Ligand SMILES: O=c1[nH]c(=O)c2nn[nH]c2[nH]1
Ligand SMILES: O=c1[nH]c(=O)c2nn[nH]c2[nH]1
Ligand SMILES: O=c1[nH]c(=O)c2nn[nH]c2[nH]1
Ligand SMILES: O=c1[nH]c(=O)c2nn[nH]c2[nH]1
Ligand SMILES: [Cl-]
Ligand SMILES: [Cl-]
Ligand SMILES: [Cl-]
Ligand SMILES: [Cl-]
Ligand code: NA
Ligand code: NA
Ligand code: NA
Ligand code: NA
């Protein structure tokens, strides 16, 4: 037998960094969870018990903290690029570094209407993420995403005109609840290396902001014909607003809310126009996905 | 043998309710998870296979939705009281109803700076909860709480002067991170029944708001001597601001963030005054609890 | 205000211990998660920032590992007793120690039909637990339990003869699925202190074994009239087999499996006697509880 | 813009099936969670609100239950193939079906040493899974796996001889704990369609059994030089025992157990040869992956 593919490293590395402004007293915190997996001339660790080719995953962990100490950890696209570039440059025989970063929210508290200098709240489990693949000889591929953005609209969602055959029981509807957990990913043009990534640093926060804003506004304003149609509009707009993005991907569950017929109880009317109480369904759920690119 | 205690019912009942203002088009949503457990003359269901004394848990589920259809679901203290009162009044032989409600956040979205009439965001996994125990002959006991409120302050937390003996390795500190998940509970004076609960309806949202506000402000402003001392201040203030509360309980984990000594690497300084990168510890964690009452 | 109740300490302390038999080469592992919360003359830590009365939770963590190093960690009832007794004896001003222990399964692997000397498998997420409350002047109260024991029987479960009124839609059934996650707790006679606990050491593993055996056999053999009736039988038997137990508590969810009517599709028959495919319901679920004592 | 990729359907479809032997009274249960995502000429649902091309995900759910009613649900490789083949054959314009199945354990209980005819225990959260991609014109690609198989060996694991530089703090060790959650995947030769899958039905349970057996035996018997080296041996053997498998993939976390130096306390010796009490680390963890193919 032979090794067709291999990568190894340290996952679930929790990192916090604080920035203190000496002059203002304002402190800023960042918290993330980091995974770094390396590829290279490491097949003999698997086939021959040759650990000489292994950069220990414990050392990869140390390196993550040292890199956070010596560089900015924001935007996560830049940090991941610095981190991955380090491994392929430091170790001749390592030829790719795969860096995934989950950024956790720490939003400054407002106390009595004034931003507090050093207290924060996790104002959502929504995440901002990056996947940075640093490949020697082939630059840096970055996928940026937002995930865990949980939303609901109580009307202005429809689903009718779908295929109807002997497997179909679903009633057409012109007014339903739509609720989802948004997973949205924008894939950047390949970057030739760390300098090119750095040359675009401002665009990373800007594009994340645009993607979120477009997601929320389209979700709220689209009188939705379906999840499919709504998510395409989101993707289309994001592409139109950042030329350095090549594709936009959405992965959306349809978290169903079912009407409850109560007419069996004293003729209570709770369906159609009289629907007020619904049963949220934990499972199953629709799952709808789209990758949109430039025509 | 004999039954010393018994209660039974339906847990994890997910409920959504929408309120539509016909005139404005503004819709408002509520989502909760409900548990109702009943007590009464039901020992024979356990000892004699006598199911005649059982109100089926499926029927308790139906009753939850019907009650939500026919009454306000807010404040959760009132809904739980209505619900529990129904079971003990409807069924002679049922003498207590234990209603736990978890309220989930659905905060109206602001789109282009204007509140949207029917789109919402889950802007936190923080919960507002109630535990309502309706006991025939003995009124209604309500415990209200907030939970899952996750906060961090990056300085103005201290821990020194603790007991030091042969089991102690912890260094005293005058400047550390403090991060916790706030679980705060306020226990109301017994209410004689549903009318008395209704007579106090406005106080339920007001007291929840006060508890949150006092929690966040004390957390942010107290140069903390310890979790113990900070949480007591929170509780003291809440008691001072609502005379219908008898006790205030806090349950707080201390979610440790550890310094990382990196001086082994090129003499890097990352401790004490130079501490910038920390390792959040998932476990273990301190757990600190207090119940505060009136002197 | 004033402190009405207080306890504090370290939660989620993961502990592993290995026992190596030098002579046989057979190794045995134990893994648990420990929480120790202390009570005593500690009110001033909360009201006066007096940390002198605080045994740091970090030191409580150290003490957990030291105690595991110097004593047996099995049965967990004994370990918890040793641990809690240490705190109230070591610290004059500490008057109670509350020790919760979750034991994780590490079952020796059989390889080619022979037990392996040092490899183990987690052959279930089922837990064996103890709650040991050590109260100065008042001995040691122990609650032992098994939890997370997930079972299903595909027939020989019934539910009929329950109360029927205007809230009832549930059909009576003479043949249904019953599936639950067993949480079973046996509460021991108070022990006067550590010597008395030690005098009963063998009974702890024996009683845990009996409780599990009786649970599984009753579940499998009882043509169940209801969860209520079945769980009472379990409790009755356990009480009859260990006189040092005062009560037996069960907490059982009824994890419903619903029939699926498919006759709308080509007259397919999948209900009643023809029921083969069912939909497991994640929520809601019945929750049925009983505490049984001696008449 | 334009749709570069799209797939949609129903996730988290829980399914139970019972088989009753009329003659013996022996019943057998299967429980799984199913996801079916379809691809085809569906771009206009996204770009033009054309729902005519959508097979509703609700109908895909119905179809899952109907297929389970009318066919065997075991081995999961065959069920997934039947299910995916149905969609591409039934709907001209659907050209791929992606079926993921998670099988949940329901192992027959032994009561008083005899297998019970209709009671089962979930004797592990370990899963048996399939990923079946049915592509019109291109047959059926199946990946089979086991996951969630959690194991520990308390000695006969080593890690030394790794790369040492300025980022390295890890001590070499000749005797450590190794614990992991096994994720192992075997990828089958492409099948031309449903007949070819059926022609190999017996091999699916046999190969799953071999993979598990080889995993457990190698884990227990290999005096491991590293995770890398041990997992390669597992993969090598599995490939040697089933020629219809093209590759074998492992994904293994190294769930670290750290020594605890206690010599600061009364010179207690708990390291090296005296190590008995360890601290399991929840995070971070190494993550080691390998795909092995035929040379
Ligand atoms: O938006 C929707 N898209 C779908 O494909 C679908 N199928 N059922 N309900 C649905 N709703
Ligand atoms: O605030 C704190 N309280 C405690 O009791 C403690 N113990 N260790 N660290 C601590 N911090
Ligand atoms: O065993 C049961 N007990 C109950 O109380 C019940 N209620 N609905 N179904 C039930 N099944
Ligand atoms: O088996 C191991 N492999 C690795 O690559 C490694 N790195 N640190 N510890 C390790 N153990
Ligand atoms: Cl859907
Ligand atoms: Cl603490
Ligand atoms: Cl029930
Ligand atoms: Cl590792
Ligand atoms: Na390199
Ligand atoms: Na009553
Ligand atoms: Na004492
Ligand atoms: Na087709």
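Note that chain A is numbered according to Swiss-Prot, with residues 2-296 shown in order.
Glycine is no exception: its Cβ is also placed from the backbone N, Cα and C atoms.
Record check, Swiss-Prot: 5-hydroxyisourate site residues include A:58, A:59, A:160, A:177, A:228, A:229, and the candidate from A:130, A:191, A:255 also listed there is A:255. A count of other CB atoms within 10 A of each Cβ picks out A:11 as the most crowded of the recorded positions A:11, A:177, A:257.
Residues A:58, A:59, A:160, A:177, A:228, A:229, A:255 are listed as the 5-hydroxyisourate binders, and the farthest two of them sit 52 Å apart at their Cα atoms. Checking the recorded positions A:11, A:58, A:59, A:257 for a CB within less than 6 Å of any atom of ligand 1 leaves no residue at all. Among the binding-site residues A:58, A:59, A:177, A:228, A:229, A:255, the ones whose Cα sits within 10 Å of the Cα of residue A:11 (active site, charge relay system) are A:58, A:59. In sequence order, A:171, A:173, A:174, A:177, A:226, A:227 make up the list of same-chain residues 6 or more apart from residue A:160 (5-hydroxyisourate binding site) whose Cβ falls under 8 Å from its Cβ. By the rule that a residue counts when its Cβ sits under 6 Å from some atom of ligand 4, the recorded positions A:11, A:160, A:228, A:255, A:257 yield nothing. Geometry remark: residue A:2 (N-acetylserine) versus residue A:58 (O2 binding site), CA distance 25 Å. Sequence-distant neighbours of residue A:59 (5-hydroxyisourate binding site) (same chain, six or more apart, CB under 8 Å from its CB) are A:11, listed in sequence order. Applying an 8 A CB threshold to same-chain residues 6+ apart, the list for residue A:58 (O2 binding site) reads A:9, A:10, A:11. For chain D, the nearby recorded positions by a Cβ gap under 8 A, listed in sequence order, are A:2, A:11, A:58, A:59, drawn from A:2, A:11, A:58, A:59, A:177. Ranking the recorded positions A:2, A:229, A:255 by C-beta neighbours within 10 Å puts A:229 at the top. Counting only same-chain residues at least 6 apart in sequence, those with a Cβ under 8 Å from the Cβ of residue A:228 (5-hydroxyisourate binding site) are A:179, A:181, A:253, A:255, A:287, A:289.
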